[PDB]
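See below for the structure under consideration.
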Amino acid sequence: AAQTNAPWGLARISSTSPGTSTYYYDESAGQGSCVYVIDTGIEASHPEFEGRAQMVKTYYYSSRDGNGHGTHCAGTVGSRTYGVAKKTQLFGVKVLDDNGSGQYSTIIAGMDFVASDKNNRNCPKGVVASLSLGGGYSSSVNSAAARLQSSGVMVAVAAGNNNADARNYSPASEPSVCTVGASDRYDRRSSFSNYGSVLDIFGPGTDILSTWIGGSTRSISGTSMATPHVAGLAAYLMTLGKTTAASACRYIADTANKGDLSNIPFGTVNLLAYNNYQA
Numbered sequence: 016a017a018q019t020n021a022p023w024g025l026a027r028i029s030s031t032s033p034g035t036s037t038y039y040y041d042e043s044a045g046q047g048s049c050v051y052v053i054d055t056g057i058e059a060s061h062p063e064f065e066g067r068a069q070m071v072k073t074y075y076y077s078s079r080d081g082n083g084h085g086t087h088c089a090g091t092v093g094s095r096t097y098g099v100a101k102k103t104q105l106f107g108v109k110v111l112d113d114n115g116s117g118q119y120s121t122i123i124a125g126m127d128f129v130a131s132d133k134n135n136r137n138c139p140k141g142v143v144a145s146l147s148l149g150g151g152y153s154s155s156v157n158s159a160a161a162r163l164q165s166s167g168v169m170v171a172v173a174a175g176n177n178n179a180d181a182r183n184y185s186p187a188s189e190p191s192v193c194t195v196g197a198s199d200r201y202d203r204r205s206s207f208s209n210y211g212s213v214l215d216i217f218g219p220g221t222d223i224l225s226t227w228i229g230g231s232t233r234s235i236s237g238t239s240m241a242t243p244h245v246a247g248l249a250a251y252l253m254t255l256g257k258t259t260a261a262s263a264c265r266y267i268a269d270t271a272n273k274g275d276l277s278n279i280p281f282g283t284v285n286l287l288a289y290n291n292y293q294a
């Protein structure tokens, strides 16, 4: 399948080169997979989600996304126009308040929630979790991310936006999950992207168009935007049978575009997520 005039990041993940604008993908499109977006919530009524999104958990007085961030990330995973995996099921877990903040104990609870809750959902092709959030190093936050991964969920986490080594942030620094840095449309490391040995992969993260609250759309930047590209890619590849939740991060790194990015510090992988789809 081909989607013309796609957001640059979708085109980038199906291309060997920057500078194109059509997204190419197998029409299975992540059908039969599930992606949990652990964030500020999801505006599931947005037409772009087509009934495939739902809130399943909140830790606040409401499940509504009063911010937009979680809706944007969910849109990059799986919206019809802005998403990588256009037929995945999206599940919202609101661990962040409408200011975008949350206590680590709530974030931990949300991760353990997903590890259990997937047993209440139909995801025959597999389960992914997208965590576009983080803070300073916490062994308890890392352990929760490790448990979620161990339970059979492909965990993708943002590297962080400090232009610093991600070893000092969580859950970015957990080795067993998939830690995602950000790139721009000219194949430069995004100026704010964290780096370091703990990164597994880069995805598009500067000037990413996606869904927003109020039935709208907007372009924003962050490792938060790169992470759902990788989460959606994992769901798509799992539906194709190419990999599994336990192996998807390694598979994505194995099959990534290699050496294309500029300003990658020595010791950080030069790997850009790529679906290897041949139309």
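Residues in the sequence shown are numbered from 16 upward in steps of one, following our numbering. We put the CB at the ideal spot given by N, CA and C, even for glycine.
Do residue i and residue j have their C-beta atoms within less than 8 Å of each other?
i, j, result
"residue 279", "residue 272", "no"
"residue 323", "residue 86", "There is simply no residue 323 to check, as the chain begins at 16 and stops at 294 in what is shown."
"residue 247", "residue 50", "yes"
"residue 202", "residue 276", "yes"
"residue 72", "residue 108", "yes"
"residue 197", "residue 169", "no"
"residue 45", "residue 251", "yes"
"residue 97", "residue 219", "no"
"residue 260", "residue 156", "no"
"residue 145", "residue 164", "no"
"residue 80", "residue 228", "yes"
"residue 304", "residue 217", "Lying before the first or after the last residue shown, residue 304 is absent from the chain, which here runs from 16 to 294."
"residue 283", "residue 211", "yes"
"residue 56", "residue 36", "no"
Under a CB-based cut-off of 8 Å, is residue i close to chain B?
i, result
"residue 160", "Within the model displayed, chain B is absent; a lone protein chain is all it includes."
Can you tell me which of the three DSSP states residue i falls into?
i, result
"residue 164", "helix"
"residue 80", "coil"
"residue 106", "strand"
"residue 57", "coil"
"residue 127", "helix"
"residue 193", "strand"
"residue 296", "Residue 296 falls outside the range modelled here, since the chain spans only 16 to 294, and no answer is possible."
"residue 62", "helix"
Excluding the five sequence neighbours on either side, which residues of its own chain have a C-beta within less than 7 Å of the C-beta of residue i, listed in chain order?
i, result
"residue 194", "172, 174, 181, 187, 213, 214 and 215"
"residue 5", "Because residue 5 is not part of the residues shown, which for the chain are 16 to 294, the question remains open."
"residue 263", "169, 249, 252 and 253"
"residue 29", "38, 39, 40, 290 and 292"
"residue 152", "183, 184, 185 and 188"
Taking 8 Å as the limit between beta carbons, can you name the residues of its chain near residue i, skipping five residues before and five after?
i, result
"residue 230", "58, 60, 61 and 62"
"residue 159", "122, 123, 126, 127 and 186"
"residue 94", "61, 63, 64, 101, 225 and 226"
"residue 110", "53, 54, 74, 117, 121, 122, 124, 125 and 148"
"residue 162", "126, 127 and 130"
For residue i, write down the residues that DSSP places opposite it in a beta bridge.
i, result
"residue 233", "225"
"residue 219", "198"
"residue 276", "Answer is none; residue 276 lacks a bridge partner."
"residue 145", "52 and 171"
"residue 185", "150"
"residue 69", "106"
"residue 97", "The partner list for residue 97 (beta bridge, DSSP) is empty, contrary to what the question assumes."
"residue 210", "180"
"residue 287", "217 and 272"
"residue 17", "39"
"residue 27", "According to DSSP, residue 27 bridges with nothing at all."
"residue 203", "277"
For residue i, count neighbouring C-beta atoms within 10 Å of its own C-beta (all shown protein chains included) and say buried if the count is 16 or more, exposed if not.
i, result
"residue 31", "exposed"
"residue 137", "exposed"
"residue 243", "buried"
"residue 42", "exposed"
"residue 76", "exposed"
"residue 34", "exposed"
"residue 67", "buried"
"residue 178", "exposed"
"residue 154", "exposed"
"residue 281", "exposed"
"residue 114", "exposed"
"residue 48", "buried"
"residue 17", "exposed"
"residue 131", "exposed"
"residue 134", "exposed"
"residue 83", "buried"
"residue 19", "exposed"
"residue 7", "This structure gives no information on residue 7, because the portion of the chain shown stretches from 16 to 294."
"residue 294", "exposed"
"residue 274", "exposed"
"residue 24", "buried"
Below 6 Å CB to CB, which residues in the same chain sit around residue i once its five sequence neighbours on both sides are set aside?
i, result
"residue 176", "207, 237 and 238"
"residue 184", "149 and 175"
"residue 199", "205 and 221"
"residue 69", "59"
Comparing the CB of residue i with every heavy atom of the ligand GTP, is any distance shorter than 7 Å?
i, result
"residue 220", "As for the ligand GTP, it is missing from this structure, which has no ligand bound."
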